[PDB]
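K.L.:
would you be able to build a 3D model of this:
(chains A, B, C and D)
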Amino acid sequence: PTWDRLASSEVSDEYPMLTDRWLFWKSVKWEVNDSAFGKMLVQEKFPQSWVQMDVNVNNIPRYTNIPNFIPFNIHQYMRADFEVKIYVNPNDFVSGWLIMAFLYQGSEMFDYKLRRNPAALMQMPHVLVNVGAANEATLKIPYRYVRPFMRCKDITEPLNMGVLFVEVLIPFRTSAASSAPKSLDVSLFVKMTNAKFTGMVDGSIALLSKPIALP
Amino acid sequence: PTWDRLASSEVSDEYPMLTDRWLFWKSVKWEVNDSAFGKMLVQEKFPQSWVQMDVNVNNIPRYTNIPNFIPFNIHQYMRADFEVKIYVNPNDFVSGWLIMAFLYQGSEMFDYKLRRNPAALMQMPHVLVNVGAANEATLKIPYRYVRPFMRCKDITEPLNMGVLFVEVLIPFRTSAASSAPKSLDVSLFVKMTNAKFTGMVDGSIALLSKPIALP
Amino acid sequence: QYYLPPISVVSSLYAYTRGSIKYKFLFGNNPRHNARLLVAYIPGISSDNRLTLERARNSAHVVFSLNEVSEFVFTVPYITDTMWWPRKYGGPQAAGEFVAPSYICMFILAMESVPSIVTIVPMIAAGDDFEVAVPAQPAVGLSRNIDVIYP
Amino acid sequence: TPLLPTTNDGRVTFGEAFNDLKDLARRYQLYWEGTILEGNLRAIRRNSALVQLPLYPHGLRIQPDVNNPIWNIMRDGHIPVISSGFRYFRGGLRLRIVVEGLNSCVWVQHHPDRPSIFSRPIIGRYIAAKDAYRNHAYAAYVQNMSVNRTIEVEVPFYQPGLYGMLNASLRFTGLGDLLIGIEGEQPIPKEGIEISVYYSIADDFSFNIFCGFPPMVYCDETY
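P.N.:
Numbering: from 1, shown residues only, chains lettered A, B, ... in the order given. The protein structure is shown below:
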């Protein structure tokens, strides 16, 4: 008697051998020269952008290639808790701060564009990252969604549970000299905690499409 | 202490939820008009032809599409016992017989072409199939190979453990009238019993090729 | 005028629904004929454009031998992302903008003493675990008076 | 530092506690108000809908204008403000529809399986073809306006998801349209009729996942 069991009679397929490990996702590079207050380094529909991080030459994501996304290829409904680690690489002669927060089903609020300001990001679940210490910081994102299961493929827009933000709380500031850097590197590791897939079909029974970006 | 454990330090990955069920493979149609003694209906490298039964438009097999062959996509070594069921469809006014036998690593014997004659097939492990009763018949093929594990992808020719034969023991014979058929349908179901995969890599790290046929 | 099953009429009186549906097939052959049928159901596809005998052989399917009985009963369960499903002919959305929570398909895999034509009659009833939710404007009406006044 | 001794959220100095925002959201506030004139309404109108009022816990999108200034200077009430801080909700509403200048009967129907299509109310004729009259078997409530001019109704949460979406823009996000209508031939007076709808939270209501508040504006610089 919990409400994920009230959506699907078929039991869930749980393959922890090929899920539940830290996967690398993206690395992003922010500049000294365009790092202001409220600069958006990462603004992604999550976990859609992570799971569809692998793209074709014609730019359709394929679940087949990463052993972590192997069940997303053969099911149609899925549900899982996430954790996003952010690592920035420690350069001692600079200073700056990153704020990373997650907005549950953010993209469909009427006031979405107003909630990007980093003042508003200090009110949703967030983490702070320096360049000195406080390099790594792990967020936690439990499954919270309108329906007890998310769709894995199209027919619109599967796997859009929220929006992940990474913004500049204190601008990337450097010393005035040439041995100083022009940028740094910020790497985002993901993993799934309670992965339940249901509605096991074939592959090639549903399609993916070239993914759309947030404004 | 068994000799599959003496080839691989990594333990085996066993996903019985997505393997170990009867999969359909091929259906073949044999005629009254070319059914003689020793006619070869099926002459395949097994289980290579079963696992690579799904082909591209450019004709490269893709493990990704059938939830049964999902581990063959992400590993490089594998080992498993098989069972081939053969079903022929019962037409009462005809008669004929099928003999199905399996020849361990047959394709590399110096006398391969001499062992196709159905007299020689009655000496390897085989089964007989009528059109009246004795419609279904299940063969059994334990894993017997030179090395304790089979390769799953190229670089030559992965998953070639033997040769499966289906030949005409007693010719397909009909009544001399028009309500008689010109052919029948013969369907081959496979399944895997002890599937152990090892050497888990990515996909797209090794390739498949357009498969070659036995002479 | 439509001869809706008992399950259809009751579900025109409610807003949501959920649970398995039973299909009972009845084959008008006689033991001389033989064939095979693959009845499968696919849980999340709403239009038949994309499915074929090798795509539908990977879902939950039973292969029916066409001679073991005349009356074959095949239960498609309830596998969805949500807990209640709206009806197709009341609200909410736009009629043919509808997505059923699964598809059922029937795939294949000639004597002169026997009738060529085998007729199949399908029957449909709700499964044992089936429920209906909120009373709503009935999607149907009695045909006592089938007259109407278009605008 | 030293801490300030407690008053039990005010029970010590005043008489009561104030420890929940859920409790302030149970005090009625203006949901929508407007007029409906005779031409603005429908032509063959014997059992017909008058307003199609989309039901949002965060209230309607306030149009601030000159001829009713509760929206211009007060903006929206305490209930839209508390609602903007939360992402989902699971409950019903309580309404009070005070329909003036009409003397016979006013049926109120609740359509819980209707999508959230508009953010404004639909007046009179423009109400869609299938909400234009009273339906069967939907939860309804008729009140004769000579006996009492105030309708008190509670709309339930009849909707299939784990939540209903606050702050919205199938699309089954909420608890669908409420419909208000006249029950017979009536004289629609000159200067039409005024409907005032007040709403609040019900006792089985909740606000669920707290994200931040959006940016606010101050009432004090409206003039």
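
K.L.:
do stretch A:89-107 and chain C meet at all?
P.N.:
No: no part of stretch A:89-107 sits near chain C under the criterion Cβ under 8 Å from any Cβ of the partner chain; the closest distance found is 14.5 Å. All C-beta spots, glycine's among them, are computed from the backbone N, C-alpha and C.

K.L.:
and that stretch, what's buried?
P.N.:
Neighbour-count burial for stretch A:89-107 flags A:91, A:94, A:96-107 (criterion: 16 or more other Cβ atoms under 10 Å in any protein chain shown).

K.L.:
chain A contacts on chain D?
P.N.:
Residues of chain D lying near chain A (Cβ under 8 Å from any Cβ): D:61, D:84, D:87-88, D:161-163, D:165, D:167-169, D:173, D:209, D:211-215.

K.L.:
which ones among these also lie next to chain C?
P.N.:
Checking the residues of chain D next to chain A against chain C by Cβ under 8 Å from any Cβ, the ones in range are D:161-162.

K.L.:
could you pull out the strands for chain C?
P.N.:
Assigned strands in chain C, in chain order: C:17-18, C:21-28, C:37-42, C:60-64, C:71-76, C:103-108, C:119-126, C:131-132 (criterion: DSSP state E).

K.L.:
alongside chain B, which residues does chain C contribute?
P.N.:
Applying Cβ under 8 Å from any Cβ, we find that chain C lies next to chain B at C:32, C:34-36, C:54, C:57-58, C:109, C:111-113.

K.L.:
residues touching the residue of chain D found nearest chain B, list them.
P.N.:
Going by Cβ to the nearest Cβ, chain B is nearest to residue D:162 of chain D, at 27.1 Å. Residues near residue D:162 by Cβ atoms under 8 Å, 6 or more residues apart in numbering or on different chains: A:3, A:145-148, C:83, D:88, D:90.

K.L.:
mind telling me what element it is part of?
P.N.:
For residue D:162, there is no host helix or strand (DSSP states H and E).

K.L.:
what's the answer for residue A:164, then?
P.N.:
strand A:162-173.

K.L.:
does anything pack onto that strand? Which helices or strands?
P.N.:
strand A:27-31, strand A:40-44, strand A:95-104, helix A:118-121, strand A:183-192 (3 or more Cβ pairs under 8 Å, 6 or more residues apart in numbering or on different chains; DSSP states H and E).

K.L.:
who touches residue D:204 in this structure?
P.N.:
With contact taken as Cβ under 8 Å, 6+ apart, residue D:204 is in contact with D:91-92, D:157.

K.L.:
what is the three-state secondary structure of the closest residue to residue D:165 other than its chain neighbours?
P.N.:
With Cβ to Cβ, 6 or more residues apart in numbering or on different chains as the criterion, residue D:165 has its nearest non-adjacent residue at 4.2 Å, and that residue is residue D:173. Put simply, residue D:173 is coil when judged by DSSP: H, G, I helix; E, B strand; the rest coil.

K.L.:
so how far is chain D from the residue most central in space within chain A?
P.N.:
In chain A, the residue lying closest to the centroid (Cα atoms, centre = their mean) is residue A:46, at 4.2 Å. Using Cβ to the nearest Cβ, to the nearest Å, we find residue A:46 at a distance of 15 Å from chain D.

K.L.:
how close does that residue get to residue A:163?
P.N.:
Distance of residue A:46 to residue A:163, given as Cβ to Cβ, to the nearest Å: 7 Å.

K.L.:
show me the strands in chain A, by range?
P.N.:
Under the criterion DSSP E, chain A contains strands at A:27-31, A:40-44, A:77-79, A:82-88, A:95-104, A:126-130, A:137-138, A:150-151, A:162-173, A:183-192, A:196-198.

K.L.:
oops, could you answer that again for chain D instead?
P.N.:
Under DSSP E, chain D gives strands at D:29-36, D:49-55, D:88-89, D:93-100, D:106-110, D:122-123, D:140-141, D:150-155, D:164-165, D:175-182, D:193-201.

K.L.:
mean neighbour count added to those, as CSV?
P.N.:
Shown next, in CSV, are those (neighbours: other Cβ atoms under 10 Å in any protein chain shown):
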stretch, mean neighbour count
strand D:29-36, 18
strand D:49-55, 24
strand D:88-89, 22
strand D:93-100, 19
strand D:106-110, 22
strand D:122-123, 18
strand D:140-141, 14
strand D:150-155, 16
strand D:164-165, 22
strand D:175-182, 24
strand D:193-201, 21
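
K.L.:
ok so, going back, nearest residue to the residue nearest to the centre of chain A other than its sequence neighbours?
P.N.:
Spatially, and ignoring its direct neighbours in sequence, residue A:46 is nearest to residue A:164 (4.2 Å; Cβ to Cβ, 6+ apart).

K.L.:
do residue A:126 as well
P.N.:
Closest to residue A:126 by Cβ to Cβ, 6+ apart is residue A:101, at 3.5 Å.

K.L.:
need the contact list for that neighbour.
P.N.:
Contact analysis of residue A:101 by Cβ under 8 Å, 6+ apart lists A:121-122, A:124-127, A:139, A:165.

K.L.:
in chain D, which residue sits nearest chain A?
P.N.:
With Cβ to the nearest Cβ as the measure, residue D:212 is the residue of chain D nearest to chain A, at 2.8 Å.

K.L.:
surely that residue touches residue A:117?
P.N.:
No: Residue D:212 lies out of contact with residue A:117 (Cβ atoms under 8 Å); the separation is 9.8 Å.

K.L.:
confirm for me that residue C:57 is in contact with residue C:42.
P.N.:
No: in this structure residue C:57 lies outside contact range of residue C:42 using Cβ under 8 Å: 10.9 Å.

K.L.:
more neighbours: which of these two?
P.N.:
Higher neighbour count among residue C:57 and residue C:42: residue C:42, with 27 against 17, using other Cβ atoms under 10 Å in any protein chain shown.

K.L.:
the more buried one bridge partners, please.
P.N.:
Beta bridges link residue C:42 to residue C:103 when assigned by DSSP bridges.

K.L.:
if we can go back for a sec, who wins on neighbours among the contacts of residue A:101?
P.N.:
residue A:165 (25 neighbours).

K.L.:
that one and residue A:40 touch, don't they?
P.N.:
Yes: contact criterion Cβ under 8 Å: residue A:165 and residue A:40 qualify, at 7.0 Å.

K.L.:
how many neighbours does residue D:12 have?
P.N.:
Neighbours of residue D:12 (other Cβ under 10 Å): 11.

K.L.:
same check on residue C:135?
P.N.:
Burial of residue C:135 is recorded as 15 neighbouring residues (other Cβ under 10 Å).

K.L.:
find the residue at the geometric middle of chain D.
P.N.:
What sits nearest the mean C-alpha location of chain D, by Cα atoms, centre = their mean, is residue D:31, with 4.3 Å.

K.L.:
right, I'll leave it there.
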